[PDB]
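Bear in mind that the values in this text are calculations on the coordinates, not laboratory data. Don't worry about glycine lacking a Cβ; one is built from the backbone with ideal geometry, like all the others, and counts go over all protein chains shown.
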There are 2 protein chains.
Amino acid sequence: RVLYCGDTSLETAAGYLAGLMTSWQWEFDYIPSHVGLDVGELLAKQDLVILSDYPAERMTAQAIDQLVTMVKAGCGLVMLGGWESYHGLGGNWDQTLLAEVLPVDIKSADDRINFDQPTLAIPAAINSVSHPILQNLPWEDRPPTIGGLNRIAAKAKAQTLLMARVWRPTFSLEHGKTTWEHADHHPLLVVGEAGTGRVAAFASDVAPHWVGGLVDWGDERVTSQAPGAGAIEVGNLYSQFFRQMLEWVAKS
Amino acid sequence: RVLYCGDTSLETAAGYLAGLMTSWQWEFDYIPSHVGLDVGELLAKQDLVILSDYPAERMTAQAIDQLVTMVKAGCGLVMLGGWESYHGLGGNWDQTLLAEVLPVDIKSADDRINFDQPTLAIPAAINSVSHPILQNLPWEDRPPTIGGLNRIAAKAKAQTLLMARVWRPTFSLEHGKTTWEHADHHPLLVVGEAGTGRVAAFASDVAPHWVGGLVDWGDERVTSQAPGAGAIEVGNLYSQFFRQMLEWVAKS
Ligand SMILES: [Ca+2]
Ligand SMILES: [Ca+2]
Ligand SMILES: [Cl-]
Ligand code: NA
């Protein structure tokens, strides 16, 4: 019982996670970014709610209060970054009561960071890799790249699992050599609890343009097509990482 | 006088280049990826044709002949990489007489390379940066990242201006340290002539998911919205690079 809201439409960006969930044989309801969500039965019957490029204004205030209560009673909640997540440009989730249950502080000014140079997903601490979301993935052998994120900060009682390290390489024409220098870092995946529900904030996107190299993570390809969506072909480690994220939040 | 074919639709990926061209005050015609192109007035009146995720099967054999003759008579042609460019998966341009005028050899089997780790665009030689396309861009100080490319090879009489250098960083949780090792390199931008026309083969995409960090290249932002397309917000250097590429090919 999963509700996925946003990423424009199935025929566009939502096709990625909808396709992943179809390949996992999960059942889900889907709401596109231009359709609203009100209090009631559709919201009531979920065990996992995923908000990704779904603007705050799409939810009525009473829908938000229902969701908040449901998460405290055990429902999983995950937010995935994008231009209409967190604060973004039209996300505005900092202005909602849902901010109280998310494990990150959200800015009240534009929080979008777009990377024109290489940025790697890296575990936050040496034992972050023991977390079920991070297990059995090649963080050391093959750190994946991301394209951007919303700038968010872990709350005091939250656990940061992944960072994003920004690199600013330079190239010498004369010597034919690239110099790697590191420049900034940002929280990338933060998890926590609200009552008996689990919550996760992923700062980057599951779909373009911010998902970046992560969408192709691995040496193999996973192909799928959610009903109503375009066919996808994506990395095996991409599928595995998002599956482990959503399974943990859902307490699968 | 510009004809731009492919990248699905204006409301989706074609909005990027359409938005750039609108921001440059250029006029253009546009054909979506599902719409065929036959011999006609629409093709005849052009000075620049851009093919980008436009499958070979959409162009009639007579249209291909018209386009080849026009290019040899002075019309510029640019192919931009993607899954339905070059050979790709459904591109199949190697099968066409258009292959004759392009400045690269196109494979007869899947040529798609997707980068899950950092890949940098780099000038191919010391004097490449003197080429009009590459002038006044910070190739040394800020080499941009791309997400993938079609594997293509420069024809003998053509000039390779940019390479893509594949990096395979590894991360040590113990040392808190990233080690940067490079691997392969691929042609990224190859230019030539066919009769009196100029031709260009860019191996990566102008739009997601392969354009990667290049779409955000620069410290500043360009905003635009082509008629019928979505609003875009992209890098200043991204705009400048694609403008210079297309102006060179068009002899603008
Ligand atoms: Ca998104
Ligand atoms: Ca494309
Ligand atoms: Cl939809
Ligand atoms: Na250590």
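Miscellaneous remarks
- Qualifying GluC sites (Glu not before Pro) in the stretch B:1-71, DSSP loop, other Cβ atoms within 10 Å at most 10: B:27
- If you take the Cα centroid of the stretch A:1-49 and the Cα centroid of the stretch B:151-223, the two points sit 35 Å apart.
- By average C-beta atoms within 10 angstrom, highest first, the peptides A:81-94, A:167-180, B:174-187: A:81-94, A:167-180, B:174-187
- Other protein chain C-beta atoms within 10 Å of residue C-beta, averaged over A:131-144: 2.
- Per-residue average of Cβ from other chains inside 10 Å of B:208-219: 6
- Model label zone, residue A:95; criterion: amide N under 14 Å from point 7 Å along Cα-to-beta-carbon; scope the stretch A:39-56: A:55-56
- Average other protein chain Cβ within 10 Å of Cβ, residues B:229-239: 1
- Highest-MSF residue in chain A out of A:103, A:143, A:55 [GNM, Cα springs under 10 Å]: A:143
- A cut-off of 5 Å between modelled amide H atoms, ignoring neighbours fewer than 5 places along the same chain, links residue A:14 with A:9.
- DSSP bridge orientation in the protein assembly as shown - percent antiparallel, rounded to nearest 5: 65 percent
- Normalised by the number of residues in chain B, the mean separation of alpha-carbon contacts (under 8 Å, six or more apart) gives a relative contact order of 22 percent.
- Computed [θ] at 222 nm, deg cm²/dmol, the protein assembly as shown (DSSP H ≥ 4; -39,500 (n - 2.57); rounded to nearest 500): -4500 deg cm²/dmol
- Gyration tensor (alpha-carbon) shape descriptor, the stretch B:72-205, a/c threshold 1.5: oblate
- Dipole magnitude of chain A about its Cα centre (Cβ charges: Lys, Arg +1; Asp, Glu -1), debye to nearest 20: 520 debye
- Links that overshoot a 18 Å alpha carbon limit, given the list B:45/B:251; B:45/B:157; A:177/B:155; A:72/A:157; B:72/B:251; A:72/A:107: B:45/B:157; A:177/B:155; A:72/A:107
- Most fluctuating residue given options A:109, A:18, A:226, as computed from a GNM of chain A linking Cα atoms under 10 Å: A:109
- Amide H within-cut-off set for residue A:59, under 5 Å, with H built and near neighbours excluded: A:37
- The residue list A:212, B:60, A:75 was ranked by how far each Cα lies along the charge dipole of the protein assembly as shown toward its positive end, using unit charges on Cβ atoms, and A:212 comes out on top.
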